[PDB]
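Have a look at the structure below, then the notes.
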Amino acid sequence: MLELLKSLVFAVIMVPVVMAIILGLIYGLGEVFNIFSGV
Amino acid sequence: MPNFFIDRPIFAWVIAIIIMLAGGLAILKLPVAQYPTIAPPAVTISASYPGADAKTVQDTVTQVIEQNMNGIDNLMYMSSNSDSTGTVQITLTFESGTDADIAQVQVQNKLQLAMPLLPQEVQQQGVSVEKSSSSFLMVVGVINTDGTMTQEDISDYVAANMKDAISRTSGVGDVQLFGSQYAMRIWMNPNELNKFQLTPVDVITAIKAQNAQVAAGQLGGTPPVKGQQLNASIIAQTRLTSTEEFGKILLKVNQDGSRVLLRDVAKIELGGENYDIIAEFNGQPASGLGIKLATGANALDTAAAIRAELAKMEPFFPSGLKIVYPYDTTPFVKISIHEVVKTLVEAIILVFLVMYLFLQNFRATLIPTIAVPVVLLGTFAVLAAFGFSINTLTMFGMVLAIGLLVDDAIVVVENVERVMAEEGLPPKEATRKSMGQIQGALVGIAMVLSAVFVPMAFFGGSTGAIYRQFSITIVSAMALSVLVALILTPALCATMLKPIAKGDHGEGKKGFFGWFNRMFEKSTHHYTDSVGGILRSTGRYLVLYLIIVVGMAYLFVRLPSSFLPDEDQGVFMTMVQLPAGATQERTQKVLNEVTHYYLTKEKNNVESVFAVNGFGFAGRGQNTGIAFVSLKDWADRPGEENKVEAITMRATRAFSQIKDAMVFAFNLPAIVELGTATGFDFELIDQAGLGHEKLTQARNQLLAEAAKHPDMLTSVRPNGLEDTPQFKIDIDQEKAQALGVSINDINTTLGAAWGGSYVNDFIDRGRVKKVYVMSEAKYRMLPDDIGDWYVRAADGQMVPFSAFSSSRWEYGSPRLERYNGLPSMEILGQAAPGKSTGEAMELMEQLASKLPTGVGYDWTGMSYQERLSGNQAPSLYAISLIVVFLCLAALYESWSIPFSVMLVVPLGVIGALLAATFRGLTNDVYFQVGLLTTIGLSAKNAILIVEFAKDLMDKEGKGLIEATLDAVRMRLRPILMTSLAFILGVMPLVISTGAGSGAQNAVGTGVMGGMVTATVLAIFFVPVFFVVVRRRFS
Amino acid sequence: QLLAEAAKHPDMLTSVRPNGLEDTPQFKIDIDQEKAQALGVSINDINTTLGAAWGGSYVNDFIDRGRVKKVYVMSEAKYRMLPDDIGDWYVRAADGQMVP
Amino acid sequence: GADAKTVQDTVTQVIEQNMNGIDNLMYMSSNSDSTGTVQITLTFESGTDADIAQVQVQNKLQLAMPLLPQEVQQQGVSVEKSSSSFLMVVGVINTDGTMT
Amino acid sequence: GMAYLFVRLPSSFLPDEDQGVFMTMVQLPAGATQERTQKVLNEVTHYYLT
Amino acid sequence: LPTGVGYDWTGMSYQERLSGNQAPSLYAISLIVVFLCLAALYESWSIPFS
């Protein structure tokens, strides 16, 4: 009920932000590695 | 195998049904306990010598016992504690894994051969052997709230009408009583004894003669005369059954009818066996019971039965009595089960949501939801079959392995879905091709996980069992998951998939799905071109790898190490040690002060104080005291300022002002069975036969020397009692003989007047109880009182005790200790809040090296376990390394390719160390397990990537760079999905507030760091290792 | 009551019997320790005499044909058959006179 | 010397209290006679090894010895794995009547 | 019909078989001596052997 | 009987009660395992049901 609803809403608001940070590291590492590779 | 079961879905369904039935049967019948048998088996022998000082008990009792207890196999170490009260305790701790039910018989049988070699008094009291490594399931305190009943009345009521019923329920093992039942006390009176010309030996003889049972026989005897018809039993004199009957015992009757009665010379009452321990619950007199769980029994059911049985008895409870539960362990098990259920439900919902987000197909989402519970039930069945139980560690392993099950399901489903999308074939052939391509990788990773987790179970000692639970659970889960992925899942991919057309990956629809697919494809293209660019070069990132390696090594060296984190159990101990010579009154005053402080200045935190006077963990006596403070539920203690640590720090800071007492407060270890204090135990042993004064001086010098480094050693305190003044009575033997007084009479009078003698047994209200004889307080309480006693000479006159005896003072130790047969003393204390235990151990060894020659050092308790890390030497990690190397070389034919796979291992260890350093947690068992899990996950990702690249390179003619780029493009969605699932599922472990949250926090932090860093730094690095290995070893 | 009720159905229950002896009368010898001590005898002598005469007291062992067997001491049948026979036994007092 | 009431009151009460708790215990039943002898039979769950069962029974019994009455402590408490019904009774007779 | 006949059928544990030996227990009135028990046993054995 | 007095079978009767109280579980488990074996072996859920 209330605990189930709070667990669901927390999961659905936490998945997209976490995926956002993970894509952020993907972007950042890709760019820095591209910059460093060409020296 | 997978294609074989693809054509036969119901064969896999039948296997799944069998596994589910086995899991249900296993969960129906399985023992439940807080912890497994972690502590080593231990047997304690207890003997009592009433009214005897430490030296008499040490030489005359425990010397003979120690001498005759040699030859017992699997013995680890023995310790012995004597006391001035008259109690001696010998604790023998054996090796781990041995059957205690045979060692107990061995020690008992060896003891029974030394019984006739002991004095008569200890034999009459009797010695008892028991198992101390059992742990208490609960303690039930019973209190009086009006003032009628005293400690003795309550203890007898418990022993009579509560002990039997509580012991006779289901699942209850040993039941211990913290009090003593009644005993007829006979208090003499020297004035009255002198008045009637009597001595205590006369009273003893009269009691022995008039309180005996005689076998009268039988009317109409066994050989009958010819013609007998009557037969019955003769009931002659029997044991006396009342105080009024004991008061009518004759002592001296003349022929003219004049008589002396026992009541005329002494006071008869009903008291306790020993008035040494006074227990007060919240200021009221109280008694207690200790219930231990029997082996192979359900904890929750036993607790519920105990509560129901106790609640049954209130109508028959006499006067004003109340039942309380100061300490029970069921809430921890209930919390563990609740956490397991919550983690399972959260993982299922989360994986369904992420599959709907990515694969956009409900039929794909529903596949794992009917596969993970099958593996869970299979793990339950296998764990039940092996012989394990439902502890607080096995369920932790299960919540850890949920991620592995989700990973396997994600890998299989995503591979089949992408094959269908990029091939256009329908579920059947696509599933066949995907299973044929991935079966070898699945078998290889299963073997790798088994090889990396099995050797952890070969540890010895407590660490051995702690690692064994997790290792067995993890390997069983991995095996069941890979078997399920081989058998059940391919059928699901065969049947429950919709054959959509190629190109309809959501790009034909708008909203969140099409847009999200758009950035996903854009980011995938960016990542692929970036990794191609970085793979164009080789030597630029080798320096980055070396930098990561050296940073990880520095973090590993810097991180402090410990054994097991402390936890908020809601109960903590407070110890009071008065100065030498202090009596019970001052101890009671200090205990009352402590109770008042706890119940006044901490009303919102504490719940009850169970003060005990006369007994302490250091040593029993009228000088020490203990108090077990229990707190309210964790729901009512929010924040980190209302936990055990803050409470005990504030308590000791406040108690520092208590004069005439060094009151300390501390928290018991997380595993109560192993040790009683949270710090190391260190023991100094005499070897050159120096004695006691030299040992005491050496100990004091060592304590002062260790106190000079207040940076890594804290609360370094002795575990014994300091020497005390003693009273010495010297009897002039020739003066006593000249006056006509026998030495036997003097010795008996002195031993039965001041020490108290146990005479006979009697039947009270239908039970057996002892009868004790001792003087009446006021006549045995000061040295001058020794002159009030009179002894009868041969002539019939009474001579005072002061006419042939002298007196003087001396110094004596009230507590003598022995270790392994040699005199020894113990120092117990913890380390600094910001340093490792091992460094403190090494510095303590160096300090002990400076001791005067003739004194050695040793470890005991958890310290010994901490010294059992010789198996934790690289001799085992290297074994695991070669085993996994052999497994990897066997999976794919190469002696050099597994190097690339192993190069990914540090990339998760670095993140685990980063998380540990950020949170500040120490290197312990739970962190080690989490680190191993992260290593396994990173190895799994590396295995998948390398296997796909090798298959692309070999089966087709794809070049090195092209095949590597295609493989890393292909194995991107599964890796991200699995990483997201694991990271989001381990959120509660990191965010856990309390209720045994230390291990959860440690494991969650390690898992988070390892998973995040491995996911970030493996995709960019594994191809580099692969291409470098292939080109260098071309 | 259960036996009486179960005896009412011979068609199903046969030979319904208890398992154990029911109840027996017993004999109690009241020794007036006051009078015994006034006369001069001791309680130990009375107790030992009664136990050895009527109950029999195991004393010692002795070898017999290369085997160890016990020696028992007990009254001779005729004097331990009826309550009145308790009057046939005598106990030595303190001054040597024998009291019934 | 002790009758059924006092024997059942003293010895088997504490003995039965201590015996409970052994693993795979099916049921325990005790008898107290009038000659002073007392007997306790503990039947264990099927499949249990009788030898380790006797070992555990001895271990649990030796804890209750200090609580036991003084006389029985050196009387001899015998523990044995025994059945109920005789397997075979063999009789010896005299064929000439010269031996009673 | 199966259900009705299953309900009807009485239950037991194990059949009893002839073994060639059986037992007889004798309990006299309380307070009986050895002579009366010997007389009763003599009656029993005489009946059994005659 | 008057209140406070209970009964409990022992010895042979205990085993008789145990035998009579465990039969339905055995029947159900045997039927289930035979049905599952038939379904796994001869395919289809119609053949075992028939």
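The chains in the structure tokens are called A, B, ... from first to last as shown; in each chain the residues are counted from 1, and the ligands are counted from 1 in the order shown.
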What residues in chain E lie within 8 Å of chain F, counting only C-alpha atoms, written as number ranges by chain?
E: 11-13
Which of range 14-69 of chain C DSSP labels strand (DSSP E or B), written as a PyMOL selection string
chain C and resi 26-28+57-63+68-69
For chain D against chain B, with a cut-off of 10 Å and counting only C-alpha atoms, what is the closest atom pair and its distance in Å to one decimal for every residue that makes the cut, ordered by chain and number, as a tab-separated table?
residue	atom	partner	partner_atom	distance
D:1	CA	B:215	CA	3.6
D:2	CA	B:215	CA	7.2
D:3	CA	B:235	CA	8.1
D:5	CA	B:766	CA	9.4
D:6	CA	B:766	CA	7.9
D:8	CA	B:766	CA	9.9
D:9	CA	B:766	CA	6.1
D:10	CA	B:767	CA	5.8
D:11	CA	B:768	CA	8.9
D:13	CA	B:767	CA	8.7
D:14	CA	B:164	CA	9.0
D:16	CA	B:164	CA	9.1
D:17	CA	B:164	CA	6.0
D:18	CA	B:174	CA	8.4
D:19	CA	B:174	CA	9.9
D:20	CA	B:168	CA	6.7
D:21	CA	B:173	CA	4.7
D:22	CA	B:173	CA	7.4
D:23	CA	B:295	CA	7.0
D:24	CA	B:296	CA	9.3
D:34	CA	B:233	CA	8.5
D:35	CA	B:217	CA	8.9
D:36	CA	B:215	CA	9.5
D:52	CA	B:101	CA	8.3
D:55	CA	B:105	CA	7.3
D:56	CA	B:101	CA	6.8
D:58	CA	B:105	CA	8.1
D:59	CA	B:105	CA	6.5
D:60	CA	B:130	CA	9.0
D:62	CA	B:128	CA	7.4
D:63	CA	B:128	CA	5.7
D:64	CA	B:128	CA	8.4
D:65	CA	B:126	CA	7.6
D:66	CA	B:126	CA	5.1
D:67	CA	B:768	CA	8.2
D:68	CA	B:768	CA	8.0
D:69	CA	B:768	CA	6.8
D:70	CA	B:761	CA	7.4
D:71	CA	B:761	CA	9.7
D:73	CA	B:124	CA	9.5
Please provide the set of residues having any atom within 10 Å of range 708-710 of chain B, restricted to only C-alpha atoms, with same-chain residues fewer than 5 positions apart removed, written as a PyMOL selection string.
chain B and resi 703+715+831-832+843
Export, as a short mmCIF file (atom, residue, chain, number, x, y, z; two decimals), in the first residue's frame, the selected residues with N, CA, C and O atoms.
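Output contents, as saved in selection.cif:
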data_model
loop_
_atom_site.label_atom_id
_atom_site.label_comp_id
_atom_site.auth_asym_id
_atom_site.auth_seq_id
_atom_site.Cartn_x
_atom_site.Cartn_y
_atom_site.Cartn_z
N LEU B 703 51.71 -1.82 31.69
CA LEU B 703 50.55 -0.94 31.56
C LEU B 703 50.97 0.52 31.48
O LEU B 703 50.46 1.29 30.66
N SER B 715 41.79 2.71 26.53
CA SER B 715 41.07 1.92 27.53
C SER B 715 41.78 0.60 27.81
O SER B 715 41.15 -0.46 27.91
N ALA B 831 41.62 -0.63 20.50
CA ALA B 831 42.58 0.21 19.80
C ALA B 831 41.99 1.59 19.55
O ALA B 831 40.88 1.91 19.98
N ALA B 832 42.75 2.42 18.83
CA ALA B 832 42.31 3.77 18.55
C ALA B 832 41.16 3.77 17.54
O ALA B 832 41.02 2.83 16.75
N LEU B 843 52.52 -3.50 17.94
CA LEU B 843 53.15 -2.62 18.92
C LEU B 843 53.07 -3.19 20.33
O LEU B 843 54.00 -3.02 21.12
#
Up to 12 Å from chain E, what residues of chain D turn up? Count only C-alpha atoms and give them as a PyMOL selection string.
chain D and resi 85-89
Output of the above residues as a PDB file, in the first residue's frame, restricted to C-alpha atoms:
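File produced: out.pdb:
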ATOM      1  CA  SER D  85      10.332 -57.313  25.664  1.00  0.00           C
ATOM      2  CA  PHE D  86      12.660 -60.263  26.178  1.00  0.00           C
ATOM      3  CA  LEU D  87      14.159 -61.826  23.081  1.00  0.00           C
ATOM      4  CA  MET D  88      14.490 -65.214  24.794  1.00  0.00           C
ATOM      5  CA  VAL D  89      14.365 -66.680  28.303  1.00  0.00           C
TER       6      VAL D  89
END
Output as a PyMOL selection string the set of chain C residues within 9 Å of chain B, with distances taken over only C-alpha atoms.
chain C and resi 24-31+33-35+37-40+43-44+47-48+50-57+77-78+80-83
Restricted to C-alpha atoms, what would the selected residues look like written as a PDB file, in the first residue's frame?
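Saved as selection.pdb:
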ATOM      1  CA  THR C  24      -1.846 -50.324  49.467  1.00  0.00           C
ATOM      2  CA  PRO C  25      -2.078 -49.734  53.210  1.00  0.00           C
ATOM      3  CA  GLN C  26       1.188 -48.794  54.893  1.00  0.00           C
ATOM      4  CA  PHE C  27       2.604 -49.110  58.399  1.00  0.00           C
ATOM      5  CA  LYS C  28       4.096 -46.158  60.282  1.00  0.00           C
ATOM      6  CA  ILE C  29       6.266 -46.550  63.380  1.00  0.00           C
ATOM      7  CA  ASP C  30       6.242 -43.414  65.536  1.00  0.00           C
ATOM      8  CA  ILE C  31       9.414 -43.240  67.628  1.00  0.00           C
ATOM      9  CA  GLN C  33      12.555 -39.389  70.523  1.00  0.00           C
ATOM     10  CA  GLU C  34      11.758 -37.476  73.720  1.00  0.00           C
ATOM     11  CA  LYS C  35      11.119 -40.639  75.741  1.00  0.00           C
ATOM     12  CA  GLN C  37      16.479 -39.813  74.902  1.00  0.00           C
ATOM     13  CA  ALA C  38      15.091 -39.539  78.440  1.00  0.00           C
ATOM     14  CA  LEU C  39      15.577 -43.275  79.010  1.00  0.00           C
ATOM     15  CA  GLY C  40      19.179 -43.124  77.806  1.00  0.00           C
ATOM     16  CA  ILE C  43      18.561 -42.275  67.956  1.00  0.00           C
ATOM     17  CA  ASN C  44      21.378 -43.818  65.909  1.00  0.00           C
ATOM     18  CA  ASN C  47      17.581 -46.443  63.582  1.00  0.00           C
ATOM     19  CA  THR C  48      20.353 -48.971  62.951  1.00  0.00           C
ATOM     20  CA  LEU C  50      15.285 -51.181  63.054  1.00  0.00           C
ATOM     21  CA  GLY C  51      16.936 -51.000  59.636  1.00  0.00           C
ATOM     22  CA  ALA C  52      19.150 -54.037  60.175  1.00  0.00           C
ATOM     23  CA  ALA C  53      16.486 -56.200  61.821  1.00  0.00           C
ATOM     24  CA  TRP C  54      13.577 -55.533  59.473  1.00  0.00           C
ATOM     25  CA  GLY C  55      15.099 -54.111  56.291  1.00  0.00           C
ATOM     26  CA  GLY C  56      18.371 -56.013  56.178  1.00  0.00           C
ATOM     27  CA  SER C  57      21.747 -54.283  55.900  1.00  0.00           C
ATOM     28  CA  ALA C  77      11.444 -64.648  59.660  1.00  0.00           C
ATOM     29  CA  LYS C  78       9.382 -65.318  62.787  1.00  0.00           C
ATOM     30  CA  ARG C  80       9.348 -59.644  61.581  1.00  0.00           C
ATOM     31  CA  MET C  81       5.913 -60.834  60.440  1.00  0.00           C
ATOM     32  CA  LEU C  82       3.358 -58.915  62.537  1.00  0.00           C
ATOM     33  CA  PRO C  83       3.214 -55.443  64.115  1.00  0.00           C
TER      34      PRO C  83
END
Please measure the separation of CA of residue 2 in chain E and CA of residue 33 in chain F, giving the value in Å to one decimal.
22.3 Å
Contacts between chain F and chain B, please, where a residue of chain B counts if it comes within 8 Å (with only C-alpha atoms); show its shortest atom pair and distance in Å to one decimal, rows by chain and ascending number, as a Markdown table.
| residue | atom | partner | partner_atom | distance |
| --- | --- | --- | --- | --- |
| B:8 | CA | F:43 | CA | 7.8 |
| B:10 | CA | F:40 | CA | 6.2 |
| B:11 | CA | F:40 | CA | 4.8 |
| B:14 | CA | F:40 | CA | 6.0 |
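Considering the residues C:95, C:1, C:19, C:73 and counting only C-alpha atoms, residue 49 in chain C has its shortest atom-to-atom contact with C:73.
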When the cut-off is 12 Å and we count only C-alpha atoms, which residues of chain D are near chain F, given as a ChimeraX atom specification?
/D:26-29,41-46,84
What residues in chain A have any atom no more than 9 Å from chain B when counting only C-alpha atoms, and can you write them as a PyMOL selection string?
chain A and resi 7-8+11-12+14-15+18-19+22-23+25-27+29-31+33-34+36-38
Env of residue 39 in chain D: 7 Å cut, atoms = only C-alpha atoms, seq-sep filter 3 positions within chain, self excluded. Answer as a ChimeraX atom specification.
/D:30-32
N, CA and C atoms of the current selection, written as an mmCIF file, in the first residue's frame:
data_model
loop_
_atom_site.group_PDB
_atom_site.id
_atom_site.type_symbol
_atom_site.label_atom_id
_atom_site.label_comp_id
_atom_site.auth_asym_id
_atom_site.auth_seq_id
_atom_site.Cartn_x
_atom_site.Cartn_y
_atom_site.Cartn_z
ATOM 1 N N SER D 30 8.421 -42.154 33.010
ATOM 2 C CA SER D 30 9.127 -42.553 34.218
ATOM 3 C C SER D 30 8.209 -43.333 35.149
ATOM 4 N N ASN D 31 8.813 -44.249 35.904
ATOM 5 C CA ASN D 31 8.125 -45.041 36.913
ATOM 6 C C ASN D 31 8.906 -44.990 38.217
ATOM 7 N N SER D 32 8.179 -44.918 39.329
ATOM 8 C CA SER D 32 8.767 -44.907 40.665
ATOM 9 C C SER D 32 8.092 -45.997 41.483
#
